[PDB]
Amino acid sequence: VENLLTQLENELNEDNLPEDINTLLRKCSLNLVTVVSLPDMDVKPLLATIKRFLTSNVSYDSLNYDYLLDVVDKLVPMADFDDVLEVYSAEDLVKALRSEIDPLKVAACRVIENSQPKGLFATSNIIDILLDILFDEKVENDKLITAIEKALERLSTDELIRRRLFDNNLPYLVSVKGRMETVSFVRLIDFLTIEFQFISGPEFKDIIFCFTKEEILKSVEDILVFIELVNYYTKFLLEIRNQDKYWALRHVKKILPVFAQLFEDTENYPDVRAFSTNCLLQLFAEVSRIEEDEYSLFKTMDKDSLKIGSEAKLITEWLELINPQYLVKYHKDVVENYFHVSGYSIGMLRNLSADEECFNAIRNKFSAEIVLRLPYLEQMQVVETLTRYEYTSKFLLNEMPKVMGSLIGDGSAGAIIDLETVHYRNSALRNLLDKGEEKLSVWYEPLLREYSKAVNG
């Protein structure tokens, strides 16, 4: 099929355009995907033929260029790059990127994206030009912006590509960072987020990855930029925490209290609380979990600015988001009094129960009676949460056997069609079973039985 479709396509493209040309292109695309590997053919003529149409002095009304590019998009990664290179040389690509033809530029991006070796173009100005286009606010083609970003993420696993980006183009990158112009700025933030995944300690440059107190204060002038910056930093901390790049913390942590100061200062920066409250909350959640010594930094941001507990409307959010160890050590009074069990407080329960000391602060709010008054879906959400930890499991088993009996149920569980009820019940059962028969005493056999019924039907 494939060798055949592509052959037919190279033929058609080289007559005067047949009426089914776009139907053939669509079919080529679907087949290229489903099948994954190409046969033993020469893709050069077709690649060269398509290049002629893209670079062509002439535009064809009878041709769907989106469909044409999609064939290129699927076909290039499947071909041997040495063959693609023969049709699109480093020099052809430069020309294509400096052209006035967006579809041609997108094709060039696809080629560059699939470079082999990835460092192949690192010694030309191709990367420089891609950045020139990427941070041009006048460039409005969304397909091209995404094509560039896709090529850059693909190649940036390579160290030589990263050098070309952050060495050869550092001054330009810093100048883009300085404009804080909405369009180019969001692109720059997305670019940095992607690049930080690949950056090593020795490669890391503060001047481009980090913002000073002054830059942050300036970003508030336009709340969209500020919000983009908050989200940048939340993802930044998340990536650090996910990929264990703790070396990066010393570079970023010093400006974190500026976000908390802006959050507090409602009269001098009303836009911050009006439009940026939820993303700042997500940032502070990450800050409460950074690798630092005993909340040194976070405790001060809380004492000076966040003032967890002082604003009643935010208490549920704080107790849903902030490190529970921090919460019980500095706001035990709030934890002990604010929290009560209900469907509504499941978010808090999930967070507060993830530290043993913090869970002990809410434990007296639990009784079999309160839990058994919840509909079964919310019971299972509560029970599932309690099965996640040793200390909460032990509480469930020794103090709430009637809740355990509800988990085991009246024999109608197989009948349940509610997605989440089944998800949480099964997770609870499995979690408890993972503790092993000796910790489960008399619950072991019923749990094994209900689990088997659940998974085997």
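Note that residue numbering begins at 1 and tracks the sequence as displayed.
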property: At least a third of other PDB entries omit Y391; result: no
property: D61 not built in a third or more of the other entries; result: yes
property: 367-375 versus 230-238 - which carries the larger mean C-alpha B factor in the record; result: 367-375
property: Selected stretch [higher average CA B-factor]: 299-307 or 137-145; result: 137-145
property: Highest recorded Cα temperature factor - choice among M348, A90, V225, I208; result: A90
property: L155 by Cα B-factor - lowest, middle or highest third of the modelled chain; result: middle
property: Lowest, middle or highest third - CA B-factor, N323; result: lowest
property: Assigned third (lowest, middle, highest) for the C-alpha B factor of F121; result: highest
property: Assigned third (lowest, middle, highest) for the C-alpha B factor of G411; result: highest
property: Ranked against its chain, the third holding the CA B-factor of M41; result: highest
